[PDB]
Amino acid sequence: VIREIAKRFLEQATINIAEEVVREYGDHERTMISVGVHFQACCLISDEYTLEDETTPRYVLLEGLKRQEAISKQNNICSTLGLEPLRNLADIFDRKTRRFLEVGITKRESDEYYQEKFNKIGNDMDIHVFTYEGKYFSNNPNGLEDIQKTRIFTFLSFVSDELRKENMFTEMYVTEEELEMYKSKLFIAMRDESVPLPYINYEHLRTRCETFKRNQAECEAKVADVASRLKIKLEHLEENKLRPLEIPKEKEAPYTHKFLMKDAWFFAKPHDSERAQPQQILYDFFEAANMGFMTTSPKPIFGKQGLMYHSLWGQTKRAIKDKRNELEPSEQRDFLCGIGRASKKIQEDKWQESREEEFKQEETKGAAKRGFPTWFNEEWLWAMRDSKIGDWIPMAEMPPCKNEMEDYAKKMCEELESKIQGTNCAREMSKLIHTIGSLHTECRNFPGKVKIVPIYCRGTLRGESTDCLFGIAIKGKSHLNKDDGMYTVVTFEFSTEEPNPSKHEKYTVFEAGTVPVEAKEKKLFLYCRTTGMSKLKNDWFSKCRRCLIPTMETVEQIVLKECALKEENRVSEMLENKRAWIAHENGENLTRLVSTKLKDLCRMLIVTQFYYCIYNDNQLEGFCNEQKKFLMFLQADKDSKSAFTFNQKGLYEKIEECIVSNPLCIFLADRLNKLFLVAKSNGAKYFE
Amino acid sequence: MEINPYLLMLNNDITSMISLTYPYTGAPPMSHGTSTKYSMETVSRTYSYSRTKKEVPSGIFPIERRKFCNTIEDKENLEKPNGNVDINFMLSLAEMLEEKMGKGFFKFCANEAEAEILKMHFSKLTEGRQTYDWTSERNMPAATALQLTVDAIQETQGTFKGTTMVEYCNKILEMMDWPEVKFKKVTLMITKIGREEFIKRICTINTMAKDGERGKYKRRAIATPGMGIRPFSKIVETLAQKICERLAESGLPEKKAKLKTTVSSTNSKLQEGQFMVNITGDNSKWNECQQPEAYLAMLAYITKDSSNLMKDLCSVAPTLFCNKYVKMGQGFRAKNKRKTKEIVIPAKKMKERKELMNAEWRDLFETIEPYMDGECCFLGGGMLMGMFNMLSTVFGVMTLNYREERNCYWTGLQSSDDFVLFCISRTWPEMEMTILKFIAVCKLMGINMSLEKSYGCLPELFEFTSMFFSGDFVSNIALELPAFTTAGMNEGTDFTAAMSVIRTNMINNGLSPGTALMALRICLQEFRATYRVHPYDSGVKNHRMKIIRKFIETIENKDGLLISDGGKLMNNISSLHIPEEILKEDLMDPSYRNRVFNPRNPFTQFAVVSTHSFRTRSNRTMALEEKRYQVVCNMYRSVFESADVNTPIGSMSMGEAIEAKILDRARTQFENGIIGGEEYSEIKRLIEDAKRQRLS
Amino acid sequence: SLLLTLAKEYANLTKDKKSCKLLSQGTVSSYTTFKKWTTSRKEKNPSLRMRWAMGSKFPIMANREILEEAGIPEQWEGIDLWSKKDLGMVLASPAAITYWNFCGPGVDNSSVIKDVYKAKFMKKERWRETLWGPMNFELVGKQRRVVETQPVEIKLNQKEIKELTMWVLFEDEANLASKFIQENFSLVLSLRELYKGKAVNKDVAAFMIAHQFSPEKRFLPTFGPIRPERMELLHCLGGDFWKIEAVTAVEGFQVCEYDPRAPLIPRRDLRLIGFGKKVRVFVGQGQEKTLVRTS
RNA sequence: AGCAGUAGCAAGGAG
RNA sequence: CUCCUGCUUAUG
């Protein structure tokens with residue numbers, strides 16, 4: 001700010017006088033500060049010792065003054081003595097030296113300014129030039145020994161320090177000795193060419209833009225735009241065409257999660273503090289979970305490749321039997337985890353041309369389309385059903401509370417924490433954290449070496465801290481340079497349920513043996529699946545503990561809105577005596593809902609935030625934008641505000657464009673359609 | 001029993017049930033391969049939205065030029081987006097804009113902008129995002145790009161004595177007048193380049209793919225410019241920044257109170273039969289329908305009475321946007337029928353290797369060919385991301401302050417690409433007339449409202465910058481989860497920085513208290529999992545808890561330990577502004593307090609409490625210039641012991657005050673101090689020999 | 001060093017021609033970009049890289065001579081804590097950090113830490129001696145304000161704060177002695193009797209003086225009274241749907257010119273070789289004149 | 001094979 | 001299709 005710093009170093013009132021001088025000078029910006037400094041320069045020259053005997057002052061100030069009275073006061077001082085001008089208006093007249101008094105203040109070494117002034121006037125005036133640097137380089141008549149020189153060098157070192165504060169070097173320029181851009185040769189032909197079409201040069205465009213006044217033929221072009229429009233708004237009270245979405249009627253989508261949730265079977269043992277690394281847990285479960293009874297037939301039940309999974313499972317079985325997790329190179333691991341399977345990246349240096357031999361080109365296809373899954377409801381209802389193993393997620397402790405709202409937040413953390421630690425979703429989060437954590441540290445510490453990493457958990461059983469074992473995982477020699485890279489993990493899973501060629505489409509299910517189950521001794525199946533994680537996907541799945549933040553944010557928004565509108569501390573009974581409508585039945589939907597308690601609601605919220613943490617693709621993102629749009633339409637239905645839309649054709653083209661094969665997206669689209677069916681029972685903006 | 005979560009919306013609002021529909025817990029989408037087809041769709045779509053054929057050939061550049069203003073060929077489907085601007089219409093909107101508030105509006109705002117350009121140092125150009133350095137033709141941070149640009153100035157002809165914005169810009173135009181520029185390549189061979197390649201290189205803007213963008217199925221390309229376009233864009237963003245701060249219907253710098261004042265104010269100006277309908281609108285293709293020729297027309301009108309310097313200095317960056325080049329990424333690939341051998345064709349050989357492309361690639365390539373360079377593309381009407389954002393909002397204020405003359409009108413609020421319009425009228429066919437007049441003024445000026453993503457109601461039920469406003473209640477911005485734990489520096493700056501992020505999201509956003517305690521406990525848990533430290537009562541036995549479990553009887557007061565050293569949590573929601581050490585130093589043992597806080601430690605030697613600050617080892621996979629420059633940094637920091645705090649003033653010389661400083665403190669420490677001839681005469685001989693060696 | 005070898009390394013490391021093209025013939029401005037120049041581009045995932053670093057065996061670059069002066073190579077059961085690889089800087093484990101934290105030497109530095117961080121210990125004392133009460137559970141809301149949030153008693157404006165520390169610790173290259181500085185020069189006269197003899201580093205001194213005096217102005221949503229003591233606890237006292245509060249309570253010298261052959265006597269002897277002499281003064285960054293005392 | 005979606009990874013060199 | 005190559009000891 002010019003005015004703020006100019007009121008810092010320069011005086012208070014002198015700003016207004018110098019600004020008046022600029023108001024009498026012209027369209028000039030920087031010179032204010034210079035003239036202001038110059039005025040205080042004269043204030044430091046002609047204030048205290050101005051020839052007090054004969055009080056009519058030695059320094060006749062007729063430079064910084066109103067441009068009316070310099071001729072009159074000049075004709076009132078010089079009417080007694082009488083002098084001669086020196087081709088320029090004098091700054092300050094004098095009668096003790098009987099000469100003029102010139103004042104100039106400069107930045108540089110004062111030689112060139114004084115020689116150009118020597119070209120203008122010579123030294124026939126009384127020249128006074130003061131430098132910011134500290135050079136009294138002026139005419140031979142001088143001040144005697146006064147503090148006018150000392151205070152003016154203090155003042156110019158002062159103001160020059162202010163110039164060195166805020167980078168003011170190209171700002172103290174006198175106009176005769178800043179407002180000119182460097183008029184080059186090729187830019188002046190560049191700006192003249194980039195004008196609009198009815199213009200010739202930038203000069204004509206600049207004068208026409210300086211000489212523009214508006215007209216009332218604007219509305220002629222505006223109404224002329226309204227006439228060729230052919231656009232009408234589309235209401236909802238008469239044309240409620242909110243039709244259900246086109247879920248594709250094709251083959252059912254397969255089970256595409258990296259691990260198993262509901263078809264899993266595990267072996268438990270008491271956990272020891274010393275044996276804690278995943279290789280030692282793998283060895284202790286090699287003595288615990290008996291691989292001696294793990295006989296696999298060479299014929300799979302279904303699938304594609306059976307011999308390589310048999311030789312690979314036997315190879316890792318005797319590999320763990322020798323207590324070292326590094327598979328020796330054979331054809332099985334050279335076939336499963338890809339070694340030598342990549343395209344030869346050849347640059348454009350030689351091409352070895354040939355007459356229609358290796359004719360190369362490019363091709364892209366897209367993504368394959370699937371249909372609505374039916375296996376997702378039982379995994380949802382299992383995913384919020386209690387398992388007796390207790391705490392699964394390793395949550396930290398509670399800080400000590402004051403007499404503040406920390407009893408409220410402690411109550412909410414202890415109740416919601418006490419409800420989510422027992423569900424199966426916490427078991428799956430523990431599975432992803434421990435398994436993908438160990439696989440991630442193996443992807444750092446040993447590239448190029450195939451490891452054998454178990455798939456396990458750790459939970460409290462009958463008070464005693466136990467651990468489990470779900471599967472056997474095989475790393476695929478990750479060389480992770482960038483965020484992608486897609487290393488291949490081979491997964492051998494343990495299952496206690498019979499397979500399904502409709503759901504388990506990506507497996508090669510074998511038969512393993514028998515398991516005793518207490519309540520006779522049921523079967524045991526082994527699953528096989530090749531898959532691939534990624535480096536960014538290891539950080540986003542290895543940190544899947546942070547799903548409690550939107551869940552508890554949603555529950556706490558409900559409770560704080562409720563006690564925000566009831567104006568009374570009703571929390572501990574509101575968390576018990578408040579219903580939430582979920583889970584309409586299969587045969588009927590018309591106003592047949594299930595009101596549940598709020599604890600099952602936060603169970604379902606941690607379920608849907610976990611399934612949001614798994615299945616994040618492009619399609620879920622764009623579908624979540626469009627379902628926020630239809631949620632705004634349903635809020636427009638809840639108050640009968642008579643909303644409207646301009647084009648309802650391309651909207652469903654964009655929604656039906658972004659639903660291809662993601663099972664969570666198809667499921668939320670179908671349940672959104674059933675939400676429109678329930679909303680059709682009360683409000684009228686929808687179809688059947 | 002079937003199950004449905006969205007039934008929660010049957011008896012609540014949407015202010016509480018909207019974080020349920022944000023998937024901000026999973027992985028963000030990434031791009032793959034090349035970013036060529038995206039840029040070709042942007043440029044070919046930009047020429048396909050120009051609605052013209054009238055070409056003017058160029059004598060400077062060897063490529064053709066297609067005009068964009070006042071050359072319209074009115075197709076029947078006007079709802080398809082157009083890229084044509086009527087300059088008389090928008091200048092009429094400028095006079096209609098400034099006649100509402102004041103008379104000397106552009107003169108006062110242009111004097112406020114003119115006051116704060118001359119007092120700007122050019123190191124402000126280095127406080128930006130990643131730019132495109134043209135020395136090696138790569139993407140570098142701005143300090144290295146200005147380093148190589150200033151090194152090119154001092155390497156080609158003369159030295160640099162600017163230290164301002166204006167003399168640096170005039171130095172760039174002086175480089176545009178130079179016939180041959182010599183810079184450094186590869187081990188530093190100094191090569192030369194002519195005149196036309198310098199103009200083809202100074203107008204080069206690199207396009208890559210936007211990574212980590214939540215909300216699109218199809219990817220969108222982002223573009224970063226060079227360095228020789230940036231400071232003029234800083235000038236235009238300061239001018240339009242002061243214009244947008246002076247206005248009253250813009251929200252670029254409170255975004256909540258202004259909508260309360262326009263709803264409460266414009267509902268208080270109704271008749272006995274008129275009413276209000278608000279429409280949420282979202283402009284599509286906003287980066288392809290804002291031509292810089294309209295910025296050249298308006299910025300010749302804002303600066304009609306400003307100066308002679310600013311009148312010429314605010315009409316330079318729109319020209320460089322009027323002849324800008326667009327990079328092509330890095331090409332494509334080709335493979336045989338066996339899908340084993342795959343050659344890589346770069347963007348250079350795309351002209352010769354046209355016969356190896358798909359149907360979509362040849363559809364986007366045959367309609368883009370006569371505007372192509374040998375390595376780049378030509379664009380003269382686009383305005384991509386990473387460009388003027390504070391100036392199109394001025395156009396948005398211009399369209400929302402239109403006077404058509406009953407007594408029916410509109411108002412609202414504008415953002416980067418979100419606008420909320422409040423219509424006041426009498427009947428529904430007159431609502432069709434006023435909304436179609438808003439589509440008329442936006443369609444004539446060059447703002448294409450999307451018809452698929454726009455709606456409205458009678459009361460406030462609108463969308464603006466992802467904050468859904470209901471009739472009475474107000475939703476917040478959905479918070480980014482991964483910003484909680486991205487400190488990764490120290491055992492001391494991972495937890496206190498996490499409490500600072502929880503603090504600023506508690507003050508800025510809503511962030512209800514139990515959610516904040518839960519997030520603090522989760523970040524505590526990942527802190528304990530990262531540095532492998534657990535409490536003493538747990539039976540964890542790893543390579544650090546053996547020493548802590550072994551020596552637990554030496555510590556008398558058990559809560560005086562630290563979290564990173566084997567203690568439990570004592571920070572709370574009411575203790576986020578206080579770190580753990582300052583909360584716990586009143587309960588430590590004196591052997592522990594004297595033991596941990598030793599500055600004679602093998603880890604710190606070689607803005608929180610520094611007692612665990614270790615440096616991890618660097619990686620194993622331009623290195624002389626950092627050696628010499630950091631020798632200058634350690635030297636000048638070693639001479640002036642307090643110089644990283646204050647700005648280093650004084651530009652006559654560095655080493656003269658260095659030599660007079662070693663004489664100053666050698667004489668200062670000498671004369672009532674050392675007193676010995678060989679040390680003072682020895683340092684005198686070294687300084688004199690260094691001066692005679694340097695100055696010659 | 002002790003300022004005896006700085007001229008030798010100044011002599012030997014200014015033997016280059018391009019360093020002479022930079023220094024005193026090039027860009028003094030680019031030192032402001034020399035301080036922030038390094039090739040560390042973005043570090044897009046620093047905590048992931050720290051998890052990979054702590055997953056190795058010896059990630060830490062630690063000093064050698066102190067821990068070989070005091071520490072032990074291997075602990076009581078096989079915990080490796082050392083390396084023999086390389087300059088003279090030895091890799092190590094965080095078990096050596098906790099071993100230093102439990103079996104290390106002790107140095108009395110209570111007054112040092114309890115004098116550097118006085119603002120935050122004052123925040124601990126002002127947080128310890130407050131009292132809360134019941135809640136409200138009612139609607140609340142107010143616009144955003146620009147509030148200075150710290151109980152300071154000087155209240156400078158972020159421009160005299162750099163200039164104070166520069167005009168306390170090293171007054172030579174500092175800044176102007178301005179017109180808003182005469183009362184601040186009485187503050188310098190009161191503060192030169194404090195920060196003269198200390199064992200504190202000068203950047204830490206600029207940290208504690210730059211923090212114990214500055215009212216930090218922010219743009220925050222406030223409500224109720226805007227007293228500056230209850231504004232740093234803004235995050236705890238109220239939210240959006242709830243509210244809780246129950247708080248009841250000497251160089252007076254001058255210079256003249258540049259010409260005379262002054263005696264080479266700097267500011268260290270500016271008082272005894274003061275009056276009646278044209279004694280030269282070297283002002284900091286290069287502005288050195290010859291001095292005459294003015295009454 | 002597989003990950004993945006509008007194009008890349010699934011080691012590198014020589015024949 | 002054929003032929004030749006490598007260290008990083010991982011603990012809720």
# chains A, B, ... in the order shown; residues from 1 in each chain; ligands from 1
$ select_by_dssp --residues "segment 384-482 of chain B" --states "strand (DSSP E)" --output "PyMOL selection string"
chain B and resi 409-414+418-425+455-457+463-464+467-468
$ interface_residues --of "chain A" --to "chain C" --cutoff "8 Å" --atoms "only C-alpha atoms" --output "list in words"
residues 8, 9, 134, 135, 150, 153, 158, 161, 162, 165, 403, 404, 405, 441, 444, 445, 539, 560, 561, 563, 564, 565, 567, 568 and 569 of chain A
$ write_last_selection --atoms "C-alpha atoms" --output "PDB file, in the first residue's frame"
ATOM      1  CA  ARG A   8       5.080   5.238   7.910  1.00  0.00           C
ATOM      2  CA  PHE A   9       8.260   6.967   6.795  1.00  0.00           C
ATOM      3  CA  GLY A 134      25.602  10.112   1.216  1.00  0.00           C
ATOM      4  CA  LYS A 135      27.343  12.315  -1.368  1.00  0.00           C
ATOM      5  CA  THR A 150      23.315  15.943   8.928  1.00  0.00           C
ATOM      6  CA  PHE A 153      21.670  12.579   5.117  1.00  0.00           C
ATOM      7  CA  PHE A 158      16.295   6.711   6.211  1.00  0.00           C
ATOM      8  CA  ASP A 161      16.384   2.081   3.807  1.00  0.00           C
ATOM      9  CA  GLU A 162      12.631   2.189   3.179  1.00  0.00           C
ATOM     10  CA  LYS A 165      12.716  -2.726   2.492  1.00  0.00           C
ATOM     11  CA  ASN A 403     -15.653 -32.163  33.247  1.00  0.00           C
ATOM     12  CA  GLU A 404     -16.216 -31.048  29.620  1.00  0.00           C
ATOM     13  CA  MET A 405     -18.169 -32.794  26.822  1.00  0.00           C
ATOM     14  CA  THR A 441       6.373 -54.994   3.833  1.00  0.00           C
ATOM     15  CA  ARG A 444       9.346 -53.418   0.017  1.00  0.00           C
ATOM     16  CA  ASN A 445      12.036 -55.506   1.690  1.00  0.00           C
ATOM     17  CA  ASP A 539      -1.717 -48.046   1.132  1.00  0.00           C
ATOM     18  CA  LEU A 560     -26.689 -33.559  17.382  1.00  0.00           C
ATOM     19  CA  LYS A 561     -29.418 -32.441  14.976  1.00  0.00           C
ATOM     20  CA  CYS A 563     -30.815 -32.579  20.433  1.00  0.00           C
ATOM     21  CA  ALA A 564     -30.182 -29.389  18.442  1.00  0.00           C
ATOM     22  CA  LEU A 565     -33.909 -29.167  17.658  1.00  0.00           C
ATOM     23  CA  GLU A 567     -33.106 -28.100  23.096  1.00  0.00           C
ATOM     24  CA  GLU A 568     -32.598 -30.592  25.937  1.00  0.00           C
ATOM     25  CA  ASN A 569     -29.916 -33.140  26.837  1.00  0.00           C
TER      26      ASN A 569
END
$ interface_residues --of "chain A" --to "chain D" --cutoff "10 Å" --atoms "only C-alpha atoms (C1' of nucleotides)" --output "PyMOL selection string"
chain A and resi 304-305+335-344+363-368+448+476-480+484-490+529-534+618
$ write_last_selection --atoms "C-alpha atoms" --output "compact mmCIF listing (two decimals), in the first residue's frame"
# COMPACT_ATOMS: atom_id res chain seq x y z
CA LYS A 304 -9.19 -74.13 -16.26
CA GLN A 305 -5.71 -75.03 -14.98
CA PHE A 335 3.88 -69.86 -15.34
CA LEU A 336 1.71 -68.44 -12.54
CA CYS A 337 3.56 -65.34 -11.32
CA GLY A 338 4.60 -63.85 -14.65
CA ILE A 339 8.30 -64.24 -15.42
CA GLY A 340 9.14 -63.48 -19.04
CA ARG A 341 5.57 -62.45 -19.94
CA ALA A 342 5.82 -58.85 -21.15
CA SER A 343 5.91 -56.93 -24.41
CA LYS A 344 9.26 -56.04 -25.98
CA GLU A 363 -6.69 -51.74 -30.73
CA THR A 364 -8.78 -50.75 -27.71
CA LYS A 365 -12.08 -52.31 -26.64
CA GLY A 366 -13.34 -51.03 -23.27
CA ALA A 367 -14.89 -53.01 -20.42
CA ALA A 368 -17.12 -56.08 -20.41
CA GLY A 448 12.61 -60.29 -7.12
CA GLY A 476 4.91 -62.22 -7.57
CA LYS A 477 8.35 -60.45 -7.51
CA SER A 478 7.15 -56.86 -7.38
CA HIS A 479 9.39 -54.24 -9.00
CA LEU A 480 7.34 -51.18 -8.01
CA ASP A 484 1.11 -48.77 -10.56
CA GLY A 485 2.92 -52.01 -11.40
CA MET A 486 0.34 -54.71 -10.61
CA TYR A 487 2.24 -57.55 -8.97
CA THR A 488 0.50 -60.93 -9.15
CA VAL A 489 -0.58 -62.59 -5.89
CA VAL A 490 -1.54 -66.28 -5.93
CA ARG A 529 -7.21 -67.62 -7.41
CA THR A 530 -4.59 -65.56 -9.21
CA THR A 531 -5.01 -61.81 -8.78
CA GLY A 532 -3.10 -58.55 -8.51
CA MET A 533 -2.76 -55.69 -6.04
CA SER A 534 -0.96 -52.38 -6.59
CA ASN A 618 -14.54 -44.73 -11.73
$ closest_atom_pairs --of "chain B" --to "chain D" --cutoff "12 Å" --atoms "only C-alpha atoms (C1' of nucleotides)" --output "JSON lines"
{"residue": "B:29", "atom": "CA", "partner": "D:5", "partner_atom": "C1'", "distance": 11.2}
{"residue": "B:30", "atom": "CA", "partner": "D:5", "partner_atom": "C1'", "distance": 10.9}
{"residue": "B:31", "atom": "CA", "partner": "D:7", "partner_atom": "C1'", "distance": 8.6}
{"residue": "B:32", "atom": "CA", "partner": "D:8", "partner_atom": "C1'", "distance": 5.3}
{"residue": "B:33", "atom": "CA", "partner": "D:8", "partner_atom": "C1'", "distance": 4.8}
{"residue": "B:34", "atom": "CA", "partner": "D:7", "partner_atom": "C1'", "distance": 7.4}
{"residue": "B:35", "atom": "CA", "partner": "D:7", "partner_atom": "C1'", "distance": 9.8}
{"residue": "B:36", "atom": "CA", "partner": "D:7", "partner_atom": "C1'", "distance": 11.1}
{"residue": "B:37", "atom": "CA", "partner": "D:6", "partner_atom": "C1'", "distance": 9.6}
{"residue": "B:38", "atom": "CA", "partner": "D:6", "partner_atom": "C1'", "distance": 10.3}
{"residue": "B:217", "atom": "CA", "partner": "D:5", "partner_atom": "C1'", "distance": 10.4}
{"residue": "B:218", "atom": "CA", "partner": "D:6", "partner_atom": "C1'", "distance": 8.4}
{"residue": "B:219", "atom": "CA", "partner": "D:6", "partner_atom": "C1'", "distance": 9.5}
{"residue": "B:331", "atom": "CA", "partner": "D:7", "partner_atom": "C1'", "distance": 11.8}
{"residue": "B:332", "atom": "CA", "partner": "D:7", "partner_atom": "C1'", "distance": 9.3}
{"residue": "B:333", "atom": "CA", "partner": "D:7", "partner_atom": "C1'", "distance": 9.5}
{"residue": "B:334", "atom": "CA", "partner": "D:7", "partner_atom": "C1'", "distance": 11.7}
{"residue": "B:358", "atom": "CA", "partner": "D:6", "partner_atom": "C1'", "distance": 11.8}
{"residue": "B:360", "atom": "CA", "partner": "D:6", "partner_atom": "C1'", "distance": 10.4}
{"residue": "B:361", "atom": "CA", "partner": "D:6", "partner_atom": "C1'", "distance": 11.4}
$ write_last_selection --atoms "C-alpha atoms" --output "mmCIF file, in the first residue's frame"
data_model
loop_
_atom_site.group_PDB
_atom_site.id
_atom_site.type_symbol
_atom_site.label_atom_id
_atom_site.label_comp_id
_atom_site.auth_asym_id
_atom_site.auth_seq_id
_atom_site.Cartn_x
_atom_site.Cartn_y
_atom_site.Cartn_z
ATOM 1 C CA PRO B 29 -8.676 -42.973 -9.834
ATOM 2 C CA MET B 30 -5.407 -42.777 -11.746
ATOM 3 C CA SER B 31 -4.495 -42.482 -15.414
ATOM 4 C CA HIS B 32 -2.357 -44.860 -17.447
ATOM 5 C CA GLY B 33 -0.158 -44.804 -20.513
ATOM 6 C CA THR B 34 -0.128 -41.601 -22.538
ATOM 7 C CA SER B 35 -2.081 -38.350 -22.306
ATOM 8 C CA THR B 36 -2.366 -37.784 -26.067
ATOM 9 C CA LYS B 37 -5.968 -38.716 -26.957
ATOM 10 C CA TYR B 38 -7.284 -36.522 -24.128
ATOM 11 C CA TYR B 217 -15.634 -41.659 -15.330
ATOM 12 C CA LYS B 218 -13.724 -40.239 -18.302
ATOM 13 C CA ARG B 219 -10.382 -38.617 -17.569
ATOM 14 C CA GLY B 331 2.744 -40.738 -28.422
ATOM 15 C CA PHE B 332 1.226 -44.211 -28.730
ATOM 16 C CA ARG B 333 2.157 -47.865 -29.205
ATOM 17 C CA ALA B 334 1.706 -50.563 -31.838
ATOM 18 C CA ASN B 358 -7.438 -46.783 -34.630
ATOM 19 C CA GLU B 360 -11.126 -43.036 -33.054
ATOM 20 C CA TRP B 361 -7.482 -41.962 -33.327
#
$ select_by_dssp --residues "segment 109-205 of chain C" --states "helix (DSSP H, G or I)" --output "ChimeraX atom specification"
/C:110-116,118-128,162-169,182-191,202-205
$ closest_atom_pairs --of "chain B" --to "chain E" --cutoff "10 Å" --atoms "only C-alpha atoms (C1' of nucleotides)" --output "Markdown table"
| residue | atom | partner | partner_atom | distance |
| --- | --- | --- | --- | --- |
| B:525 | CA | E:12 | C1' | 8.1 |
| B:526 | CA | E:12 | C1' | 9.0 |
| B:528 | CA | E:12 | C1' | 8.0 |
| B:529 | CA | E:12 | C1' | 6.2 |
| B:530 | CA | E:12 | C1' | 9.9 |
| B:532 | CA | E:11 | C1' | 8.4 |
| B:533 | CA | E:12 | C1' | 9.5 |
| B:534 | CA | E:12 | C1' | 8.3 |
| B:540 | CA | E:11 | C1' | 8.4 |
| B:541 | CA | E:11 | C1' | 7.5 |
| B:542 | CA | E:11 | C1' | 5.3 |
| B:543 | CA | E:11 | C1' | 7.7 |
| B:544 | CA | E:11 | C1' | 9.9 |
$ residues_around --residues "residue 300 of chain A" --least-positions-apart "2" --cutoff "8 Å" --atoms "only C-alpha atoms (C1' of nucleotides)" --output "ChimeraX atom specification"
/A:297-298,302-303,306,508-511
$ write_last_selection --atoms "N, CA, C and O atoms" --output "short mmCIF file (atom, residue, chain, number, x, y, z; two decimals), in the first residue's frame"
data_model
loop_
_atom_site.label_atom_id
_atom_site.label_comp_id
_atom_site.auth_asym_id
_atom_site.auth_seq_id
_atom_site.Cartn_x
_atom_site.Cartn_y
_atom_site.Cartn_z
N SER A 297 -6.65 -83.77 -4.87
CA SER A 297 -6.77 -84.57 -6.07
C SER A 297 -6.27 -83.78 -7.28
O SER A 297 -6.42 -82.56 -7.33
N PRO A 298 -5.66 -84.45 -8.27
CA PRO A 298 -5.17 -83.72 -9.45
C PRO A 298 -6.26 -83.25 -10.39
O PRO A 298 -5.96 -82.53 -11.35
N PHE A 302 -14.08 -77.66 -10.98
CA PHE A 302 -14.22 -76.86 -12.19
C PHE A 302 -13.03 -75.91 -12.26
O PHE A 302 -12.17 -75.89 -11.37
N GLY A 303 -12.98 -75.13 -13.33
CA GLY A 303 -11.86 -74.24 -13.56
C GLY A 303 -11.15 -74.52 -14.86
O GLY A 303 -11.68 -75.22 -15.73
N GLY A 306 -5.40 -77.10 -13.75
CA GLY A 306 -5.42 -77.95 -12.57
C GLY A 306 -4.08 -78.50 -12.14
O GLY A 306 -3.84 -78.68 -10.94
N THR A 508 -10.73 -72.19 -9.09
CA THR A 508 -10.36 -73.50 -9.61
C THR A 508 -10.49 -74.50 -8.46
O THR A 508 -9.53 -75.13 -8.03
N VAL A 509 -11.70 -74.55 -7.89
CA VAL A 509 -12.01 -75.20 -6.62
C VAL A 509 -11.63 -76.68 -6.63
O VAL A 509 -12.09 -77.45 -7.48
N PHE A 510 -10.77 -77.07 -5.69
CA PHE A 510 -10.42 -78.46 -5.44
C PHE A 510 -11.20 -78.97 -4.23
O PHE A 510 -12.09 -78.30 -3.70
N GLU A 511 -10.86 -80.18 -3.79
CA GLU A 511 -11.37 -80.74 -2.54
C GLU A 511 -10.18 -81.09 -1.66
O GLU A 511 -9.22 -81.71 -2.13
#
$ closest_residue --among "A:33, A:105, A:393, A:190" --to "chain E" --atoms "only C-alpha atoms (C1' of nucleotides)"
A:393
$ interface_residues --of "chain B" --to "chain C" --cutoff "6 Å" --atoms "only C-alpha atoms" --output "MDAnalysis selection string"
chainID B and resid 143 486 488 507 530 544 574 594:596 598 602:603 606 615:617 650:651 653:654 657 690
$ closest_atom_pairs --of "chain A" --to "chain E" --cutoff "7 Å" --atoms "only C-alpha atoms (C1' of nucleotides)" --output "tab-separated table"
residue	atom	partner	partner_atom	distance
A:276	CA	E:11	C1'	5.5
A:277	CA	E:11	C1'	5.0
A:394	CA	E:12	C1'	5.9
A:441	CA	E:10	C1'	6.3
A:442	CA	E:10	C1'	6.6
A:445	CA	E:8	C1'	6.0
A:446	CA	E:8	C1'	7.0
